[PDB]
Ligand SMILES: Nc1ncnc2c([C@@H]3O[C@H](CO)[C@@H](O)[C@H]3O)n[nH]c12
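Taking the form solved without the ligand, here's one chain by itself in structure tokens.
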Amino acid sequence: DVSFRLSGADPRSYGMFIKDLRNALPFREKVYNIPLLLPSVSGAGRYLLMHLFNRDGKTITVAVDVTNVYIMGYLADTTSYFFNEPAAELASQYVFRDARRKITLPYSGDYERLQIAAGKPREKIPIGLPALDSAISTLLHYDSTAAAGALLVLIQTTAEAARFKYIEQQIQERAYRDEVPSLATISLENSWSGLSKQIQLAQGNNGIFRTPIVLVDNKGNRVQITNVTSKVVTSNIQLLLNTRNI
């Protein structure tokens, strides 16, 4: 399992945890040096357990799906909470089994629904190590709308961080001060599937993408990725979603 403590968590320690998270996700193949995630895994082996501890030591165990690095549910106290979705429901059969009670959050684990439930778009939610510390705390005492928001933060500071080197930096800078994500950051999160598929379809088309993916760079304006030489590919995206799960 991979663990992380916000107590005296400078940009380095975090960087190390994100490395551990990446190294925990198994793969067999590599598409252009970028680890290609397995198309499936059966049983308990399909789940990764993160032990996050807040500045005060309070913890929670989050379950991750190693074929796509999706948050399935978590364990606070003796309770486990799972998103309201099939994969999560399947996950419960293997994780947090000695949990006294299991609760199913009234929402699904995708960004859109999580935003509707919390009442604010990701653009208006400050992320960072302090907010991660808040999120770990908010999750300790049940509150569906408080959790929807704390989950938007938890997902972006771990899952998305591991996926894009860029997003790991955005968080390390906000290690002592939160701030809403950069438009560059959102476009990336909204492209994990697109990029992954295209980087894979390029293998056999001369590193060329069958179709372009637009982004924002960070400068603040439109960008278009046309092939595997681009900065995003060569030095950003760290994990590729197996086209099979698409």
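Residues that one form lacks are left out of the comparison. Heads up, when I say rigid core I mean the largest set of C-alphas that superpose within 1.5 Å between the two forms. Residue indices: 1-based, along the sequence shown.
Separately, the form deposited with the ligand bound exists; it is not shown, and the next lines address it.
Visitor: Work out which of the listed stretches, 103-111, 132-140, 171-179, 90-98, brings a heavy atom within 4.5 angstroms of the ligand in the deposited bound form.
Guide: This holds for exactly one stretch, 103-111.
Visitor: Using a 4.5 Å cut on heavy atoms, which of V69, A184, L36, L52 is close to the ligand in the deposited bound form?
Guide: By the 4.5 Å heavy-atom cutoff, the listed residue in contact is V69.
Visitor: Is there a heavy atom of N190 no more than 4.5 Å from a heavy atom of the ligand in the deposited bound form?
Guide: Yes.
Visitor: Report whether the minimum heavy atom distance between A148 and the ligand in the deposited bound form is within 4.5 Å.
Guide: It does not: once the ligand is placed as it appears in the deposited bound form, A148 has no heavy atom within 4.5 Å of it.
Visitor: In the deposited bound form, does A159 have a heavy atom within 4.5 Å of the ligand?
Guide: Heavy-atom contact with the ligand at 4.5 Å: present for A159.
Visitor: Taking the ligand as it sits in the deposited bound form, is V153 near enough to touch it, meaning that at least one heavy atom pair lies within 4.5 angstroms?
Guide: Contact check for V153: no, nothing within 4.5 Å of the ligand in the deposited bound form.
Visitor: Core aligned, which of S187, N218, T61, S193 has the Cα that shifts 2 angstroms or more between the shown form and the other one?
Guide: If I go through the list carefully, the shifting residue is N218.
Visitor: Do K219 and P212 move together or apart in the deposited bound form, judged by C-alpha distance changing 3 Å or more?
Guide: The answer is closer, because the C-alphas of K219 and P212 approach each other in the deposited bound form by 3 Å or more.
Visitor: Which consecutive stretches of at least 3 residues differ between the shown form and the other one by 2 Å or more at every CA, rigid core held fixed, listed in sequence order?
Guide: Shifted run of three or more residues, which all move 2 Å or more: only 216-219.
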